[PDB]
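1. how does the following fold in three dimensions:
(2 chains, ligands or ions: 2)
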Amino acid sequence: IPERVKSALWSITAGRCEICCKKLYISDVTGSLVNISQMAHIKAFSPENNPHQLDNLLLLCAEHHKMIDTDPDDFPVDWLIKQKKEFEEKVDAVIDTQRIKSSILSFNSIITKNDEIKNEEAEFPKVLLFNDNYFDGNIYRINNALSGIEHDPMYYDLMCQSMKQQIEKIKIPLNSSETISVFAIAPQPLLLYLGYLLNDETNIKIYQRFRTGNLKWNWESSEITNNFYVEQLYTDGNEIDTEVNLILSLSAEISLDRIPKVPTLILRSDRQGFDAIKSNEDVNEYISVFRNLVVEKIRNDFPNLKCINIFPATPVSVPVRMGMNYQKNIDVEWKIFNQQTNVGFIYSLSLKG
Amino acid sequence: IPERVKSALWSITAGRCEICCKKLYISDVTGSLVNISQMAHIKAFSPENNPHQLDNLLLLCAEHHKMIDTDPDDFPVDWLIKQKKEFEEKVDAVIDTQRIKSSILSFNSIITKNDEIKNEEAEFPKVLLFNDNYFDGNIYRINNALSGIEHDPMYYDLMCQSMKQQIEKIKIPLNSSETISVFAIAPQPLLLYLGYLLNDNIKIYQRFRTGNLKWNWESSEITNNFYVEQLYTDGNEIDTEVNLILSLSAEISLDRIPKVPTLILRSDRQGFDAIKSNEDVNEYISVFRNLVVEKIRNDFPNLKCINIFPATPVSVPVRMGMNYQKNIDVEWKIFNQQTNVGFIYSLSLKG
Ligand SMILES: [Zn+2]
Ligand SMILES: [Zn+2]
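-> Numbers count the residues shown, from 1 in each chain, chains lettered A, B, ... in the order given. Ligands and ions are numbered 1, 2, ... in the order given. Take a look at the structure below.
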C-alpha cells in the first residue's frame, strides 16, 4: 500500500481491470470517482524500487477481484502473469506507432555568430516533433573550425578532411541512432561531401532551410510540388568521350557561358527559384530523375565514362541527398564545382572509391 | 488542479507525455518517483464531473511543457487537441484487441434442483474469461416451465412454442448483443430447435462431466475425424425420405430404426468425448452440411424429408439447428430415443 507504486501501476494499466478492462476511474452507472484509490482492487500475489514490483501486483474490478482469489484452482498465478503481460504489452505497444527517437546532426558554415547558431538550433526539436520524431538528447555538430582558411585554394580539401574525421569520430553513435535528422547548410560541395560521409546510415531525414515561416527548417508542403526534367545537349552518344558536364538548374538557370566541346545535360525544375524544393517528396522525385533519367543515361550513352562535372544551383537538401545517393566503386568520379566570386565555376572537390 | 481529476488523466494517458510518450512515472536516469504528482506537468488551456474535463488538460514532460507554452505560435491549442485525441484514442483502442463483451443464454431441462442450476451457472463468466469474452451483465434463461408435462405425448409441441415465445421476448436484445455464449443441455430435439430459434456472433459450448469447469472446452484444436457411410447403391427420384443416423456418443444399431435409404455419419472416436473443441464442432458441421445434406439433395431431387436419429453431445444439435437454411433445406424430422420403444418422432424443422 504505497501511494507512489499505486500511481505507477494505475499508469501501466490505463486505469483498467487487467482481465475485463473495465475503466476503474469511472462509476458503473455515472461519472467519475475518487477513482482507482477506491474502486480498484490490487491483488498482491504473495509478500521506492520498482524492478518487477510493478510485475507483482495487478489491478482488478470488484467482481473479478473476488472471482480470482476465491478460486485459486482455476486462476493460478501462472495464468495470471500471462494475462498481465499480454495486456500491459498490448498497452505500451503504442510507442511502436507513436513518435520515434531521433538524434540531430547540425552543420552550418554560413551563419557565423555563435549566439545566432544557438538561437537557430533551438528550433530543431520542434521540427522533429512536426515530422514524427522526438529529440533523444544527442545533437552532433560539425566544427566550422576553419572559417579562417575560408578563401585559400586548399579550403575544400581541409574542410573535407575535418568533416570526414568528425563523422568517423561519431560513426558508432551515428549508425546506432534510431533516426538522424540533418540540418546542414554550407557551400554545395561540402553539402555533397556530407551526404557522402553519411550514405544512408539506416534512417536519415535531410531537412531544407527556407527564408519564410516561424520554422525556417521545417517543410512547407507534404506533397510533390514540382516536375524535374532533363535536356541533353548532344546529338547521340559515343565511346571516345570520358567526361560529361551535368548542370543542375533548380535555384536559378545556370547559363552555359559560365561553364569552363564536352557533351552536357541540364537537369531543370519547372518552377525555378528559392522554392524549387518544398517537400521531402520533391527531393525524392529529384533524386529519382537524377539517378535514373540522368546518371544512368550518362553511363549508357558513354560506356567509356571516366568523370562527371557537376555545376549546381540547388537548395541545401539536394546536394546532401545527391551525396547520399552515390554508389561507391560503381559510379564514376563526381567532380563538384562551386561558383567562386566573379571567377565563374571553379573546381571544388571530387567523389571516388 | 485537484488530484481527483489528476488520477483519471494519468490513467487515460498511460502515464506519458502526450507528445513524446516519455514515461512520467520513471526518472530520466534511475528507478521510480513520487511520479506524475511531481515529474509531470499538466497544461491547462484556461480556467469530479468529467465530461471533457479530461478533454481540456494534457500531460507533459519538463522539456515539452516549457517548450509548448513559450511558443504559442507553432503550438496552437488546435494542434495540441489533435495530438491529445490521437494519442488518447490510440491508447484505449486496446480493448479492440482485448476481451469482447458477451451475453449469456442458459437452458437446462435436465438438472432439476434449483440450488444446483444456480450453483452451475455461477461458472459461466469464468468460461467466458477463458474463451476471450467477458460477461456484460445480461443473462438470459429459457424457462423449463413445463417440467410437469415432461412425458405427455404433446410435450415437444408445447415446449418448442414456449421456447419460441421466449426467444421473441428477447429477440431485440439478441440481435444487438456483442456476443452470445450459449450453455444449453436438454433432449437433442429441443437443442436442435434452440439452434433453429437462434439462427446466427454466437458461441455454442459443450458440457463435460470432468474438470473444474464442466462447460469449458477440453481442446483448442481438432481431435476427431467425421465420415459418412451410405447404405444404398445409388440414388433415384422415387424416394421422398432418407434416414440420417448420427452416431457420435454411441453407435446406433439399425434394428432401432423404424426400406428407406440410409446414411450414417460417424466419428472415429465415439463416446462421451467425441466433441472436445469448437474446432470439432466446426468440422462436424462442415461434414454435415457438405458431405451429407447436399449429397442427399443431389442423390434425391424429389427429396421431401430427412429422418434424423441422433446420438450426439449437447453442442451438436444446437449447432445443426443453427446451420439450418430456411426454405432452402427440406423438412428435418428429429427423433428421440424414448424408453424401450426405440426412436420416436419428436419435432420438425420447416419453412
Ligand atoms: Zn474485471
Ligand atoms: Zn514530452
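2. could you confirm whether any residue of the strand or helix carrying residue A:84 contacts ligand 1?
-> Per DSSP states H and E: residue A:84 is located in helix A:77-92. No. Contact of helix A:77-92 with ligand 1 (CB under 5 Å from the ion) is absent, the minimum separation being 10.7 Å. (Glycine included, C-beta is placed from N, CA and C.)
3. helix or strand right after that helix?
-> For helix A:77-92, the succeeding helix or strand toward the C-terminus, using DSSP H and E, is strand A:100-108.
4. which strands or helices does that next one pack on?
-> Contacts defined by 3 or more CB pairs under 8 Å, 6 or more residues apart in numbering or on different chains; DSSP states H and E place strand A:100-108 against helix A:114-121, helix A:124-130, strand A:133-141, helix A:171-175, strand A:180-185, helix A:188-198.
5. residues near residue A:132, how many?
-> 12 (other CB atoms under 10 Å in any protein chain shown).
6. residues touching it, list them.
-> A:99, A:100 (CB atoms under 8 Å, 6 or more residues apart in numbering or on different chains).
7. next: residue A:266.
-> Listed by CB under 8 Å, 6+ apart, the contact partners of residue A:266 are A:230, A:231, A:233, A:247, A:249, A:254.
8. and residue A:312, what does it touch?
-> Residue A:312 neighbours (CB under 8 Å, 6+ apart): A:188, A:248, A:318, A:319, A:336, A:337, A:338.
9. what packs against the helix or strand residue A:346 falls within?
-> Assigned by DSSP H and E, residue A:346 belongs to strand A:344-351. Judged by 3+ CB pairs under 8 Å, 6+ apart, the packing partners of strand A:344-351 are helix A:155-169, helix A:188-198, strand A:334-340.
10. so which of the ones you listed is nearest residue A:14?
-> Proximity to residue A:14 (CB to CB) singles out helix A:188-198 among the helices and strands packed on strand A:344-351, at 39.7 Å.
11. not counting its neighbours along the chain, what's nearest residue A:202?
-> Leaving aside its sequence neighbours, residue A:202 sits nearest to residue A:175 (CB to CB, 6 or more residues apart in numbering or on different chains; 6.8 Å).
12. residue A:337 too?
-> Spatial nearest neighbour of residue A:337, excluding adjacent residues (CB to CB, 6+ apart): residue A:345 at 4.5 Å.
13. if I look at the one you found, how far off is residue A:339?
-> Going from residue A:345 to residue A:339 by CB to CB, to the nearest Å gives 6 Å.
14. same question for residue A:140.
-> Plainly put, residue A:140 is 29 Å away from residue A:339 if you go by CB to CB.
15. returning to what we had before: just the contacts of residue A:312 now: which is nearest residue A:99?
-> Distances from residue A:99 to the contacts of residue A:312, taken by CB to CB, are shortest for residue A:318, at 26.8 Å.
16. coming back round to it: right, and the pair among the contacts of residue A:312 with maximum separation?
-> The two members of the contacts of residue A:312 with the most space between them (CB to CB) are A:318 and A:337, at 15.0 Å.
17. circling back: surely the residue nearest to residue A:337 and residue A:260 touch.
-> Yes. Between residue A:345 and residue A:260 there is a contact at 6.3 Å, judged by CB atoms under 8 Å.
18. ok, these two, which is more surrounded?
-> Comparing residue A:345 with residue A:260 by other CB under 10 Å, the one with more neighbours is residue A:345, at 19 against 11.
19. ok, the more buried one - contacts?
-> Per CB under 8 Å, 6+ apart, neighbours of residue A:345: A:258, A:259, A:260, A:311, A:337, A:338, A:339.
20. how close does it sit to ligand 1?
-> To ligand 1, residue A:345 is 74 Å away according to CB to the ion, to the nearest Å.
21. the spatially most central residue of chain A sits in which helix or strand?
-> Central residue of chain A (CA atoms, centre = their mean): residue A:205, 2.3 Å from the mean position. Residue A:205 is part of strand A:204-206, with elements assigned from DSSP H and E.
22. same for that strand, what does it pack against?
-> When contacts are defined as 3+ CB pairs under 8 Å, 6+ apart, strand A:204-206 packs onto strand A:180-185, helix A:280-290, helix A:317-325.
23. which residues does the last one contact?
-> Residues external to helix A:317-325 that are found in contact with it (CB under 8 Å, 6+ apart): A:182, A:184, A:188-189, A:191-200, A:204, A:206-208, A:248, A:250, A:277, A:283, A:286-287, A:290-291, A:312, A:336, A:351.
24. filter these to the buried ones?
-> In terms of neighbour count (16 or more other CB atoms under 10 Å in any protein chain shown), the buried residues within those are A:182, A:184, A:188-189, A:191-198, A:204, A:206-208, A:248, A:250, A:277, A:283, A:286-287, A:290-291, A:312, A:336, A:351.
25. do stretch A:3-14 and ligand 1 meet?
-> No. Stretch A:3-14 is not in contact with ligand 1 by CB under 5 Å from the ion; minimum separation 11.3 Å.
26. and that stretch, which residues are buried?
-> A:4, A:5, A:6, A:7, A:8, A:9, A:10, A:11, A:12, A:13, A:14.
27. the fifth one contacts residue A:50, correct?
-> Yes. Counting by CB under 8 Å, residue A:8 sits close enough to residue A:50 to count as a contact (6.7 Å).
28. shared neighbours of residue A:345 and residue A:339, anything?
-> Joint contacts of residue A:345 and residue A:339 (CB under 8 Å, 6+ apart) are residue A:258.
29. that older thread, of the contacts of residue A:345, keep whichever come out buried.
-> Looks like the contacts of residue A:345 have A:259, A:311, A:337, A:338, A:339 buried, using 16+ other CB under 10 Å.
30. and chain A, what are its domain boundaries?
-> Domains of chain A are assigned by automatic domain parsing as A:3-95, A:99-351.
31. quick one: closest of the ones you listed to ligand 2.
-> domain A:99-351 (7.1 Å; CB to the ion).
32. that closest one and ligand 2 in contact?
-> No. Using CB under 5 Å from the ion, we find that domain A:99-351 stays clear of ligand 2, coming within 7.1 Å at best.
33. how long is that domain from one end to the other?
-> Start and end residues of domain A:99-351 are separated by 35 Å (CA to CA, to the nearest Å).
34. would you agree residue A:185 is in contact with residue A:315?
-> No. The criterion here is CB under 8 Å, and residue A:185 misses it with residue A:315 at 9.5 Å.
35. overlap in contacts of those two?
-> residue A:209.
36. mean neighbour count, the helices and strands packed on strand A:204-206: which tops it?
-> helix A:317-325 (a mean of 25; mean count of other CB atoms under 10 Å in any protein chain shown).
37. grab the nearest non-local neighbour of residue A:140.
-> Per CB to CB, 6+ apart, closest to residue A:140 is residue A:105, 4.6 Å.
38. who does that neighbour bridge with?
-> For residue A:105, the beta-bridge partners under DSSP bridges are residue A:140, residue A:182.
39. which one of the residues in the stretch 201-350 of chain A is closest to ligand 1?
-> Ligand 1 sits closest to residue A:203 of the stretch 201-350 of chain A, with a gap of 41.0 Å, by CB to the ion.
40. can you list the strands that the host helix or strand of residue A:311 pairs with?
-> Per DSSP H and E: residue A:311 is located in strand A:307-313. Strand A:307-313 sits in its sheet next to strand A:243-249 (parallel), strand A:334-340 (parallel), going by DSSP bridges.
41. which residues are contacting the last one?
-> For strand A:334-340, the surrounding residues in contact (CB under 8 Å, 6+ apart) are A:187-189, A:192, A:258, A:307-312, A:319, A:326, A:345-351.
42. work out the gap between that strand and the centre of the chain.
-> Offset of strand A:334-340 from its chain centre (CA atoms, centre = their mean, to the nearest Å): 26 Å.
43. just give me the neighbour total for residue A:178.
-> Neighbourhood size, residue A:178 [other CB under 10 Å]: 14.
44. okay, and it sits in which element?
-> For residue A:178, there is no host helix or strand (DSSP H and E).
45. I figured it hits residue A:99, correct?
-> No. Using CB under 8 Å, residue A:178 makes no contact with residue A:99, being 10.3 Å away.
46. thanks again, I'm all set now.
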